Structure formats: C-alpha cells, structure tokens
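Chemist: Chains from the complex, first installment, not repositioned:
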Amino acid sequence: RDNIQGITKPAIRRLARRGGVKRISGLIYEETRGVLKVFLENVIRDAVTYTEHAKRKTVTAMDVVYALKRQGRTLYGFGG
Amino acid sequence: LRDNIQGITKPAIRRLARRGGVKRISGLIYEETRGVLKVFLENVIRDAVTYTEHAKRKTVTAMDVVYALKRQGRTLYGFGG
Amino acid sequence: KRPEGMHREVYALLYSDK
Amino acid sequence: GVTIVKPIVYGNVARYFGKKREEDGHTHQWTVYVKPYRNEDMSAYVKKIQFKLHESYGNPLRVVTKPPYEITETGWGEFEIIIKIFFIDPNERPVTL
Amino acid sequence: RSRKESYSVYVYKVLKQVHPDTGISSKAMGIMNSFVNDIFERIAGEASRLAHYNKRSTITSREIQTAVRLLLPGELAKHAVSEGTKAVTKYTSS
Amino acid sequence: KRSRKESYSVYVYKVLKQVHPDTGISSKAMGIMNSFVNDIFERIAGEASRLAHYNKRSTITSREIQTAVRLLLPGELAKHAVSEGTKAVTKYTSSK
Amino acid sequence: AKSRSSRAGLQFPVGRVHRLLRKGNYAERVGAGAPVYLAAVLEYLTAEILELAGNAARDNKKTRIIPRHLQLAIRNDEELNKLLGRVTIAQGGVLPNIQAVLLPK
Amino acid sequence: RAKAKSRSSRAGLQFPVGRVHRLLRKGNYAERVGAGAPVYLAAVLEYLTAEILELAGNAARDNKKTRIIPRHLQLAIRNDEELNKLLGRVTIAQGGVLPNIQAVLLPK
Amino acid sequence: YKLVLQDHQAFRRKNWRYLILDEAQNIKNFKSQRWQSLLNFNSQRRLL
Amino acid sequence: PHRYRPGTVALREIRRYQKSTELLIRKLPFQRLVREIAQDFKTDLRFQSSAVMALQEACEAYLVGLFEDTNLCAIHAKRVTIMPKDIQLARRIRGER
C-alpha cells in the first residue's frame, strides 16, 4: 500500500505555518512524515489493543481517546 | 532560614554539570542552576508539606517526598521500604 | 463459531488477545 | 486615621582580624543588618531591602530579600550606608535610613 | 436508544450565571463536559490515593480539599478550597 | 507494639538466587527492587481497573490484566510477560 | 423535596457526583461532605472557564462560546494553562504569536 | 483438612499471590478481584524483576563486583532498550548516569 | 439549472422582476432540489 | 508582473493559519494512512467516522507543538529557518527520544 505520502509537502507546510514557522528546509518533510507515522502507529496500536478487549469490530473515538490519554496527549471534544 | 540557596556552590554545580557531560561552563549558569533548583525544591517541598499537614503530622516522612515526586513525575526508588 | 472447549480463563486469555 | 507603628533595629557588627590582610588590606569583617525589635516576620510586608555602600566595592548597591535582612562583608574604614526598605505595597513610600 | 449522560444542564446554568446573554455551541458544551469529567477523575483518583496513604477506607471532604491543593496552581487552589469549604459549611447547616 | 512492615525481599532474593546462584544483592538494591515491584504493580493494576471501568465491569480479571500488560510493557517485553502469564494461568488451572 | 445542590447553594448535581464517587471504586465509604466539596470545586472551575470563554467570544463580536475562544481563554489564563497543560482542545487552534526574529524590520 | 498449597506454588511463581490479591481487592482498583488477575500480575512482576536482576548482575560482573548496587541498576536500565522506555520517568538514588560524552566535546 | 443549483445563494440574494423557465418539464418533481431552490427565489412574475 | 520578497507571504500564511481553526491535513489521505497503519496491527478492522477525525485532530495538534519547538530550537541557533536537526533537538528535550 505505502500511502504514507498522503501527508504531502503543502499539508506539512500549513502545519508549520500554524506552528509559527516561516521557512522550511528541504529535508523536513521526510522527517515529519516519519515522526507522524510513529505517533500514529503508537496511538493506533493502543486503540486496537482496547478494541480487541472490547470485542468490537469497529474502532471507536472512545478507544482513540483512551489511547491518547495513555500516551499523555489528552484530547477534548470526542466524549472524553 | 534564609539565603541557603547559596549553599550550592560553584564546585558543586560544576560537578553536577560534569556528571551531565558539560565540558565548559559559563558564569551565569551557576545562578541559573541555583534558581532552577530552588524552583524545583519549592514545588517538591510544597507537595510534601501538603501530604504532611493533611496527615496531622509534624515530621515530613520519606513517603511524603516519594508521593510528591510521583505527582511531579519524578518517581524515585530506594526510599519506599 | 467460537472454538473454545478449554478452561474459561485460559481460553479467554489465549483467544481474546490473538 | 489608621496609624501603624513597627519597631525595628538597624546596625552593624564588626570583628577585628587581629592583623591587616595581605590580599586586600582589610582589617575588619562586618555585618550590616535590619531586624525587627519584636519577634515578628518582616517578610509579610517588606518586599526587599537595598543597602548602598561606599564606592570602593565592585558593586555598592546590595540587595536582600528575606528577614532578618543582613549582609556580611569586609573592610578597613568606616563609611555611611544607605538602607532603603521597600514594602510589598508599591503605593507605600519606601523608608530610608 | 441508550442514555449517555452529561452535565450539559448544569454547565448551561453556570454559563447563564456568569454571562446571562452569552450562549455556547454543542462542540463547546461537549468539550466542557469532557473537561469536567477529566477533572472529576483526577481529583477522585488523588483523593483515593490520599486515603490509601493515610490508611483511611473513606474519602472525606478533607481528602478532597488536599487533592485540590495538590492539583490547582496557587490562586486557583486557594479559591477552589474556599468555594468547597463554604459549600460544605452551608450544606452542614441544613 | 512491634510495627512490622511487609516487603517483597523474601521472594526477590529467591528469584535472584535461582537466576544467579553466585551473585548477591545489597540492602539498598533490595529496597530499590521492592520499589520497582510496587510501582509496576500499581501501574498494571490501575490499567486493569481502567479497562474494567471502560468496559463497564466491576471486577478485574486475567483478561483485563493481560490487556493491561500488553498496553504497558513495550515491544519485545510485552510478548514475553504475556507468554509467561498465559503459561502460568494454564499451569495453575490444571491442578498441579 | 430538596436537592442537595440547592441545599448547599450549588448548581452542580451533588447527588450525581456522590453516585459517581461511590460507584467509581474510589473508596469504600464516601463522606457526606466529599461529594458536596467535589461538586463545589467543579462548579468553581466550570464558572471560571465559562466566564473566560464567554468574554473571549464576545470580544470577537460573537454571542456564543466556541472551541476557538475556549482554547484562547485556557491558554491565556496562567492557572488554567498549568492545569490543562498536556490537554488539547479540538478545533481550538493556537495563540496568535510571531517571534520577533521571524518578524521583519 | 488436606495439606494446604499456596497459590504461588500452585502457579509456579515466587511473588506473593496472596498479598497481590489482598492489595487488588482492598484497593481502588475494583470491587472484587478474580482468582486469575493476581496470579497474572505477580507473574508479570516476577518476570520484570528477573530480567532487571539478570541485567544488574551482568553489569556487576562487568564492574567486578559481587553485590548488586544501584550503579548496576542504573547502568542496566539505561543500557537496555525496553527497560529504559519502561522506567524513563523514574529516577534511582545513588544510581548515577552513563559515561555518554558527546563526540563534539572530545579532544581535536 | 445546474449553475442555479450551484449558486442558488447568489441568485437568491437578487430581486428579479421576471423569472423565465424554459422547458419546465425539468422541474416536474416537487421533491427536487431544483424545484425547492427555484421556489425559494424572490421573483415578481414567473413564466414557464 | 509583481512578486513579493521572500518572507512576506510566509508571514501572511502564518497570520492566517494561526487564527483559522480547521484541519490542515487532507481528510481522505489521512484516513487511508490510518487504515494502512491499522492493517499492520489487525486485519479487517473497521473505524468509526469520528475516530479518524479524533486521530487527525490529535496528530495535527502534536505536529503543531513539534513545529513550535522546532522553530524555537532553530531560533536558538541564530537560524530563522528550521531543519531536521531542530526537530531532533526538540524531541530530545521533550523526552520522546
């Protein structure tokens, strides 16, 4: 599949703008892609671990919130 | 007591930096380190005294310090029995 | 259908986290 | 119509080294201080105390932030020290001694 | 349907008490409910930990007070403690 | 009038001596070891309690503890601990 | 007849808080004043955040608290910031701030 | 009655399953605890302890010491990849640190 | 009709004296979004 | 023709996206990436529409914080521009590495 390139250069540039950067290097996109991939992999692993125990065929925003709370990135807006 | 933050001298801070890997140290780094250590001790001892007063105790035990460090995120082994 | 056939606790531990 | 009186004592102690020091020529140690006359905590209303020394020192304007306020130093001659006590309330005029 | 439950009504009442005319959207209401639930969880966990430390099998108003002290930063702690103590004193008188 | 305090030093030394016949351990190392045991016990038990509360269950079971271990332990330590726990839960229920 | 919330002078559900405390496995015995105190603290924090977000949304010509202004209030208040430090408000955005080094002139 | 067998011996563990179950049942964790939860918890704890003890003993033999001291614990934890992640936010007294000198601060 | 559906707001914000609809058999369904949008327009006279 | 100098449009984009509150990552590509990642954890797992949105919100917030710290580290080196070493230092100080 290898659809990690969905997080493209313009999207990473807009994220940088929001983070307050006004100039990006040429090798920042491939590093941001890997960092985001690791962060996802971790959160999704926790979510799937919750879902397996829950015996649900559908991963839920509640499982995502639990994974975020475990990773310490508490998120508000999705019922938790 | 007063001005006991000065009981952390330049040799002590330089040994603490050597143990952290720093090779060359500036002049104001010592004041910065004293100020940071004081701010850290302030919170740690505030949590410890909060755990103590609530227990109606007059002595700050080691478990109070352990719980304060756990709250602050600095879990410390070797003093939990 | 659930294969099971073994002890409840051991069975759950073995399958519920394949 | 409210008048509050706070008793304090300000002074200096000095100890003679017995001989003139060869490093800097100083002959006495001295500690200059403000402390309360009563057994009370000055920090509840004093923000800081500034002590202005003679211009012979590398920095003449010293500062202290906790009671009993004092500075320990060394010297060989007598001079006038200006102690400026600042209160927590910025609207209150600091005292000068 | 089930019965998911939230503090929406009480959040709206406090919103009316603080700003009689300023409303709140559904997303904001949900975020506030999540915040309330998270603060409740944290305070209750800290109170249970204090009870376990003191070997008390009960979580009392004093435990809640100490848990709020151990979590709120300074002026916020001093105000929340006053609010809680006043609420408990007014409750004990009825 | 005795004030006896418990600890895991009697079993931490048994495991130590069975996994290293010739190596000992000092008192300070034993205290740090007991602290580590207590900390990980608290972590795993709290995670199992959280899983139970999320699943709307008032009792913690071996399955909750297993998922809690999978969540807590990282990578190739999670698998080891889980295999050990599974093997122990099967050798315990077999009446041996 | 009388809800404990109104008895204590609070708006939050003292009864629901007591129920959640006794059912959340927090302890085997919930004090009479523990849920009242917890509800009072929760109401205080909620009033603080709601007032700040209200007057942050009304500062932008609006009349309805939104996540953007909730985030603005939470990140401008130094106490609420330390409280919800590692928390992220969905659709909250970030604070307008450009470093002087990046700024021109 | 029949000769009483302990749960730790029945399972094959050394850590106290009885005390683990007592803590679990009287603690904040839940109302009541199943028989399998404390066994699993004690087994996991025993495994972690055996691993860290093996690493500490290896460090001790490397340093030419027969008694595991907090140095051998800190070195083991910060040399192991997974135990380091497990105890990243945990400080050990009198444990010290690693001789990790940055290559940029070396003689040139 | 397609562009009218796409920009009904812009057209709805304009007051029209006459609204002419050629080949009106394209709005024969009252449940049609086309019919709804064309009815929600401000027009003084209508010619099908 | 007319073109702005380097640094004028970047500041406009910053001032715009720092006040605008909307997901910057593309929704369908992010969903496809989430599905790819979940495929390596469990086969044939379904995802609620809100779960992907929550994941995207959390990832965007994390990346925004990471880029803030990266810009801080870059300015620390007297560099107005950021580079992978800045992200490396930011994560190192955060404790993620």
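Modeler: Structure received. Numbers count the residues shown, from 1 in each chain, chains lettered A, B, ... in the order given.
Chemist: quick one: the strands in the chain?
Modeler: Chain wasn't specified; assuming chain A. Along chain A, counting by DSSP state E, strands occupy A:58-59, A:74-76.
Chemist: wrong one, chain I
Modeler: Remark: strands assigned in chain I by DSSP E are I:16-20, I:43-47.
Chemist: which one of those lies closest to chain A?
Modeler: Nearest to chain A among the strands of chain I is strand I:16-20 (40.8 Å), distances taken as Cβ to the nearest Cβ. From N, CA and C alone the C-beta is placed, and that goes for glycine too.
Chemist: who touches the closest one?
Modeler: By Cβ atoms under 8 Å, 6 or more residues apart in numbering or on different chains, the list of residues contacting strand I:16-20 from outside reads I:38, I:41-47.
Chemist: Please, a PyMOL command that selects the buried ones among these?
Modeler: Selecting only the buried entries of these in PyMOL, with 16 or more other Cβ atoms under 10 Å in any protein chain shown as the criterion:
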select buried, chain I and resi 38+41
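Chemist: In the contacts of strand I:16-20, find the pair that's most separated.
Modeler: Pairwise distances across these (Cβ to Cβ) peak at 15.5 Å, for the pair I:42 and I:47.
Chemist: re the thing from before, quick check: which of the strands of chain A is nearest to residue G:2?
Modeler: Evaluated with Cβ to Cβ, the strands of chain A place strand A:74-76 nearest to residue G:2, the distance being 33.7 Å.
Chemist: Other residues contacting that closest one?
Modeler: Everything outside strand A:74-76 that qualifies as a contact, by Cβ under 8 Å, 6+ apart, is A:64-65, A:68, E:31, E:34-35, E:38, G:86-90, J:54, J:57-58, J:61.
Chemist: hmm, try it at 7 Å
Modeler: For strand A:74-76, contacts defined as Cβ atoms under 7 Å, 6 or more residues apart in numbering or on different chains pick out A:65, A:68, E:31, E:34-35, E:38, G:86-90, J:54, J:57-58.
Chemist: Tell me if the strand or helix carrying residue J:85 is near chain A.
Modeler: Taking DSSP states H and E as the criterion, residue J:85 maps to helix J:84-94. Yes. Contact between helix J:84-94 and chain A, assessed by Cβ under 7 Å from any Cβ of the partner chain, occurs at J:84, J:87.
Chemist: right, is that helix up against chain B?
Modeler: No. If you take Cβ under 7 Å from any Cβ as the test, helix J:84-94 misses chain B, and the best it gets is 13.1 Å.
Chemist: Buried residues in that helix, which are they?
Modeler: Within helix J:84-94, the residues scored as buried using 16+ other Cβ under 10 Å are J:84-87, J:89-91.
Chemist: Kindly incorporate the sequence below as chain K:
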Amino acid sequence: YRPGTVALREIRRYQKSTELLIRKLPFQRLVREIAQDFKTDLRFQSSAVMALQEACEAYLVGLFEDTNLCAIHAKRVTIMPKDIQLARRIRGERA
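Modeler: Once chain K is put in with the chains from before, the structure reads:
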C-alpha cells in the same frame, strides 16, 4: 594543563561514581529554608532529606544533559543561560 583536559577528566570521573555531588549540611539547610515558607517548626527525616537531595541531583543532571545538547546545537562548547532557558521552555516548566 590545557583548558579542557582536566575538565574532560572530571567528566569521566563524575560519570563513573554515584556519590552525592551536593554537600549534605548545606543542602539540608536549603531544604529547611524552603520548608519554613510552608510550615513553621517542621521536622524532617534523614531519609526524606536524602530522597530530596537525590531527586534534585537527578533532575539537575538531566537538565545539564539537555543543556549540553542545547549548547552543541549552536556550535558552542560552553553552556550559556539561554541553553537552560530553552531546555526548561521545551520541557514545559517556564513555557
């Protein structure tokens, strides 16, 4: 000795031992000072004071380890105040 050799020697020396680097008698007085601001006539255990000193030393060692990289980031060998400031800011203590 050349400036830096006796410093790398001390680096290798103090990254080998585990004893406390701060003096007890001076650090206990600082602890009692900071405790005075919270409770008058407060007693402290020797174990509690040792745990406080250990926590402080570990925190300062971590802070200096981060400050070393913050300094090296600017092609500098000496750690300056802005380095510890950036360390604290990115840690979240004075953000």
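Chemist: so, the contacts of strand I:16-20 revisited with chain K in the model?
Modeler: Outside strand I:16-20, the residues that touch it by Cβ under 7 Å, 6+ apart are I:41-47.
Chemist: Which single residue of chain A ends up nearest chain K?
Modeler: Closest point on chain A to chain K, by Cβ to the nearest Cβ, is residue A:72, at 11.4 Å.
Chemist: And chain G, by the same measure?
Modeler: Taking Cβ to the nearest Cβ, chain K has its nearest neighbour within chain G at residue G:85, 6.3 Å off.
Chemist: Same check on chain E?
Modeler: For chain E, Cβ to the nearest Cβ, closest residue to chain K: residue E:69, 11.3 Å.
Chemist: hmm, back to that, helices or strands up against the helix holding residue J:85?
Modeler: Packed against helix J:84-94, as judged by 3 or more Cβ pairs under 7 Å, 6 or more residues apart in numbering or on different chains; DSSP states H and E, are the following elements: helix A:28-54, helix J:49-76, helix K:46-73, helix K:81-91.
Chemist: out of these, which comes closest to residue C:17?
Modeler: For those, the distance to residue C:17 is smallest for helix A:28-54, at 6.1 Å, taking Cβ to Cβ.
Chemist: Hey, what's the angle from the closest one to helix A:9-19? Just curious.
Modeler: Helix A:28-54 runs at 90 degrees relative to helix A:9-19, counting by axes from the mean of the first three to the mean of the last three Cα atoms, to 10 degrees.
Chemist: Now do the buried residues in helix A:28-54.
Modeler: Within helix A:28-54, judged by 16+ other Cβ under 10 Å, the buried ones are A:28-29, A:31-33, A:35-37, A:39-40, A:42-54.
Chemist: For the closest residue to residue J:84 other than its chain neighbours, give its distance to residue A:23.
Modeler: Computed as Cβ to Cβ, 6 or more residues apart in numbering or on different chains, the closest residue to residue J:84 that is not its neighbour in sequence is residue A:31, at 4.5 Å. When distance is defined by Cβ to Cβ, to the nearest Å, residue A:31 is 16 Å away from residue A:23.
Chemist: Secondary structure element holding the residue most central in space within chain C?
Modeler: Closest residue to the average C-alpha location of chain C: residue C:11 at 2.5 Å, with Cα atoms, centre = their mean. For residue C:11, the element it lies in under DSSP H and E is helix C:8-15.
Chemist: Tell me if that helix is near chain H.
Modeler: Yes. Remark: helix C:8-15 sits within contact range of chain H at residue C:9, by Cβ under 7 Å from any Cβ.
Chemist: Show me what counts as buried in that helix.
Modeler: Buried residues in helix C:8-15, counted by 16+ other Cβ under 10 Å: C:9-10, C:12-14.
Chemist: and chain L, same structure:
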Amino acid sequence: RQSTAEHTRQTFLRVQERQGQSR
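Modeler: So that you can see how it sits with the rest, here is chain L on the chains above:
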C-alpha cells in the same frame, strides 16, 4: 460572580469594556 481575585476580576472587566468602547 466570584471567579478569581484582583488580577482576574478587574483585568476581565477591562477586557470586557475594551470591545464595548471599540464598537
């Protein structure tokens, strides 16, 4: 209502009056 002490009450009323005057 009582939300927080001096530095919050007065500053908050000032922020409220700010846009009221600007309007």
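Chemist: once more on the buried residues of helix J:84-94, this time with chain L?
Modeler: J:84-93.
Chemist: Point me to the residue of chain A nearest chain F.
Modeler: Nearest residue of chain A to chain F (Cβ to the nearest Cβ) works out as residue A:53 at 4.3 Å.
Chemist: check contacts around that residue.
Modeler: Contact analysis of residue A:53 by Cβ under 7 Å, 6+ apart lists C:16, F:51, F:63, F:67.
Chemist: List, out of the residues you listed, those positioned next to chain B.
Modeler: Counting by Cβ under 7 Å from any Cβ, nothing from the contacts of residue A:53 sits close to chain B.
Chemist: Which two among those residues are spaced furthest apart?
Modeler: The span of the contacts of residue A:53, defined through Cβ to Cβ, is set by C:16 and F:51 at 11.9 Å.
Chemist: neighbour-wise, which of those two wins?
Modeler: For residue C:16 versus residue F:51, the count of surrounding residues by other Cβ atoms under 10 Å in any protein chain shown is larger for residue F:51: 24 against 14.
Chemist: give the contact list for the residue of chain D found nearest chain E.
Modeler: Closest to chain E within chain D is residue D:88: 16.2 Å, counting by Cβ to the nearest Cβ. Shown in contact with residue D:88 (Cβ under 7 Å, 6+ apart): D:45, D:47.
Chemist: Next, it: phi, psi?
Modeler: Dihedral pair for residue D:88: phi -60, psi -40, per degrees, to the nearest 10.
Chemist: Starting from residue L:10, give me the distance back to it.
Modeler: Residue D:88 is 18 Å from residue L:10, by Cβ to Cβ.
Chemist: now residue J:7
Modeler: According to Cβ to Cβ, residue J:7 stands 40 Å off from residue L:10.
Chemist: More neighbours: these two, which one.
Modeler: When neighbours are counted by other Cβ under 10 Å, residue J:7 and residue L:10 differ, and residue J:7 comes out ahead with 13 against 10.
Chemist: OK, contacts around that one?
Modeler: By Cβ under 7 Å, 6+ apart, the contact set of residue J:7 is A:22, G:104.
Chemist: Which single residue of chain G approaches chain C most closely?
Modeler: Per Cβ to the nearest Cβ, residue G:25 is where chain G lies closest to chain C, at 21.9 Å.
Chemist: Which of the three states applies to the residue in chain D that chain A sits nearest to?
Modeler: Here chain D gets closest to chain A at one residue, residue D:90, 35.1 Å apart by Cβ to the nearest Cβ. Classification of residue D:90 by DSSP: H, G, I helix; E, B strand; the rest coil places it in coil.
Chemist: residues near it, how many?
Modeler: Using other Cβ under 10 Å, residue D:90 has 9 neighbouring residues.
Chemist: That concludes my questions; thank you for your assistance.
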